[PDB]
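Read the structure below first, then the notes.
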Amino acid sequence: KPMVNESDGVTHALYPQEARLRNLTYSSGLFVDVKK
Amino acid sequence: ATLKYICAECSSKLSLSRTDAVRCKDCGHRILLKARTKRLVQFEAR
Amino acid sequence: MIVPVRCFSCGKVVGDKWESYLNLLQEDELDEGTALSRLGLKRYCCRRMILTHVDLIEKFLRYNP
Ligand SMILES: [Zn+2]
Ligand SMILES: [Zn+2]
């Protein structure tokens, strides 16, 4: 689900209303089980 | 007596000066507004 | 978006009539056409005023600070 990885803080569960105001990108993390 | 800034959600008179972060006393919600002027304003009433 | 005080066209006060009209509808279960006549809103310039207003302020109020 959407997140805001910002320095000087955790990673807030970002929301539309905020990303709009703050000029962020209402995106999210993409993770895959890389096997070596 | 007075104030300066505010928090969008947890509407609570806050404020501070330079390099005092940009957060709030509780709600991380890094937004913050700037509450009205003291100089009262006047309007043409039409 | 709050009731218009007075009718654009003839200026006849219509600010008060808001609440009354809403009642003559929900409570006194009447029909718009009538509720209006009841409130003294005769010609359409006044009728169109109340009959058409979309009280958005209500949705606005529903926000927070
Ligand atoms: Zn806060
Ligand atoms: Zn009229």
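Counting neighbours? That spans all protein chains shown, and the Cβs are built from the backbone with ideal geometry, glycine included. Please treat every number below as a calculation from the coordinates, not as lab data.
Going by a ≥ b ≥ c, the root eigenvalues of the Cα gyration tensor, does chain C fall in the rounded group (a/c under 1.5), the prolate group (a/b larger than b/c) or the oblate group? Cα axes put chain C in the oblate bin. Which FRET efficiency, nearest 0.05, do A:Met3 and B:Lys34 yield, Cβ-Cβ r, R0 30 Å? About 0.60, to the nearest 0.05. Look at the stretch A:17-28: the mean tally of other chain Cβ atoms within 10 Å of its residues' Cβ atoms is 1. Principal axis extents of the C-alpha atoms in the protein assembly as shown (largest first, rounded to whole Å): 80, 52, 26. Compute the longest continuous run of chain C that contains no exposed GluC sites (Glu not before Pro); treat a site as exposed when its DSSP state is not H, G, I, E or B and it has at most 13 other Cβ atoms within 10 Å. With GluC sites (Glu not before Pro) excluded where exposed in loops, chain C gives C:30-65 as its longest stretch. Remark: mean inter-chain Cβ contacts per residue of A:7-15 equal 1, using a 10 Å Cβ-Cβ cutoff to other protein chain atoms.
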